[PDB]
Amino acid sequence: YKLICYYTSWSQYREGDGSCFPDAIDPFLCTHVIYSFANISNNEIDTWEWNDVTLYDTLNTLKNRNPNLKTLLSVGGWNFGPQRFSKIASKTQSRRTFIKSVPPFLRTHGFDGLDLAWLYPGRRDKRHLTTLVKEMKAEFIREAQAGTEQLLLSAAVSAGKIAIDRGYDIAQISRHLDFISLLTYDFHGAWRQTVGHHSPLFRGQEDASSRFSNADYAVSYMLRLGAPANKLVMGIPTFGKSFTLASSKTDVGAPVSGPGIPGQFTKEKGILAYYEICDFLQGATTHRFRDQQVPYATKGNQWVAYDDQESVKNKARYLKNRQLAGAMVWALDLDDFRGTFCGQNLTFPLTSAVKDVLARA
């Protein structure tokens, strides 16, 4: 059982305790850590922050304590135009150039693999996505000839029925990637003038206009399209989505007037880090969609949908009963990495909850 954990660069700039560096990652916690979003320039992989080579270095030193730990660099991200990916993948010259530039970048900075986070390819991109992965992997194989451990290749895919069918030839890329991370946590977000939970586990017999909007359907589905379970990794959130209530309605379907107010540390409407939620929770009313197995809090005119140790251990058992390759946790830096915000004196509480479940049978 794999536990792939993302670490975002931009989490270093956060003020107060919010600040986080590779520096603060428990080396034995995850099996795979991923540095979040490298860039591409002149059709070549490349850095993003002014200090990535230092942080890269910082992260890969963890491997000196846990020789089994593995690391990867992710490409793309949300602040990276898909157009950009698209343009690079459509021209066999741009693509082959980008590709041939990856292995040496990684070898240089100590990485064991590359992670493609092309955030949402379109109908006109399937054909090339399949290529990129193919050739990319063909390169990675041609280079192990150099007498060094073959590089890993993974992709972060969406979990939206329509998004998938639109730009993913799962059947194909499934035999080239080393593993696939399903983004099972973006089944909502304010552009729905109503409240709702973004990372539910089950459809929950009560509302289906979004039957295909839950981890369960997402997995059943990928499996049918052809992706073997031993390469599928379920994504688990470590943040929560927030909305500003438009009325005194808290119950299912309440009207929303816009996203939630920013967190004292993550400063960003719509989102809250777990350790911020921990602070939010005091004086909040906690409820739980029993049907879907996930909680949600409420305070004043703030409605927050999030995952707690329970819901998280819950999903963890799920991937297990479906015999998947493992779990994926978005944002090590959004969890309580200091272990000083959420009651219990435990560091990385959520990520740990998953690890303990997977650690069993």
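Each residue number is its position in the shown sequence, starting from 1.
**Student:** Would 278 to 286 or 246 to 254 have the larger average of its C-alpha temperature factors, as given in the entry?
**Tutor:** Between 278 to 286 and 246 to 254, it is 246 to 254.
**Student:** What stretch has the higher average Cα B-factor here, 188 to 196 or 171 to 179?
**Tutor:** Result: 188 to 196.
**Student:** From the list 158, 130, 209, 71, select the residue with the highest C-alpha B factor recorded in the entry.
**Tutor:** Highest CA B-factor of the listed options: 209.
**Student:** Determine which member of 228, 263, 121, 103 has the highest CA B-factor, using the values in the deposited entry.
**Tutor:** Highest CA B-factor of the listed options: 263.
**Student:** Name the third of the chain's ranked CA B-factors that contains residue 115, choosing lowest, middle or highest.
**Tutor:** Lowest third of the chain for residue 115's C-alpha B-factor.
**Student:** Among the modelled residues of its chain, does the C-alpha B-factor of residue 25 lie in the lowest, middle or highest third?
**Tutor:** For residue 25, whose C-alpha B-factor we compare with every modelled residue in the chain, the answer is the lowest third.
**Student:** With respect to C-alpha B-factor, does residue 330 fall in the lowest, middle or highest third of the chain as deposited?
**Tutor:** It falls in the bottom third of the chain.
**Student:** Mind checking which third residue 42 falls in for C-alpha B-factor across the chain?
**Tutor:** For residue 42, whose C-alpha B-factor we compare with every modelled residue in the chain, the answer is the highest third.
**Student:** Relative to the other modelled residues in the chain, which third contains the C-alpha temperature factor of residue 63: lowest, middle or highest?
**Tutor:** It belongs to the middle third of the chain when residues are ordered by C-alpha B-factor.
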